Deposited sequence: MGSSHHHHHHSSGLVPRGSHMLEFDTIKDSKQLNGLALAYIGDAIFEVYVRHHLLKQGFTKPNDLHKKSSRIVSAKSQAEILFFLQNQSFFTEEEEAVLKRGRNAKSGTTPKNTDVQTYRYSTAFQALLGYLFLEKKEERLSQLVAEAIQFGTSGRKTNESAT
């Protein structure tokens, strides 16, 4: 993908907007790779993993592992504050989505794969 000029200046919602799609590709790819193959199977599986509640729970989990660097912490803060979903779950899921968006747009490919794998480990289990 092309570099986007000043992508790191993007507001939290704009970062969360790309992050949410990125997470969906990783999760759907994961489920295919596990040998699921049926439609109603795969959509039930991915909607469960990609839901706001589940992304909130994932982020909490990763915070207790002290997974993140200070740069990533700053991007999560940006997403959490970006101006039938709970307020706190909205804030945390948007934080997680903004970080994925950020890592993707900044082309931190290795770190993004690491983070999503961790997220998927927890969110599937």
| item | value |
| --- | --- |
| Deposited positions without coordinates, collected into consecutive stretches in sequence order | 1-23, 107-112, 155-163 |
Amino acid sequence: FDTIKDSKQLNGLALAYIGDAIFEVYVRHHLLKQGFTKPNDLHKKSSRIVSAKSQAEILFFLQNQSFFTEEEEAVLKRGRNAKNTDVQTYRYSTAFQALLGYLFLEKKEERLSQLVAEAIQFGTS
From here on, numbers count along this sequence of modelled residues.
| property | result |
| --- | --- |
| Segment of higher mean CA temperature factor, 17-25 or 101-109 | 101-109 |
| Per the entry, higher mean C-alpha B factor between 31-39 and 47-55 | 31-39 |
| Third of the chain's Cα B-factor distribution that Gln65 belongs to, per the entry | highest |
| Third of the chain, ranked by Cα B-factor, where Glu72 sits | lowest |
| Ranked against its chain, the third holding the CA B-factor of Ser93 | lowest |
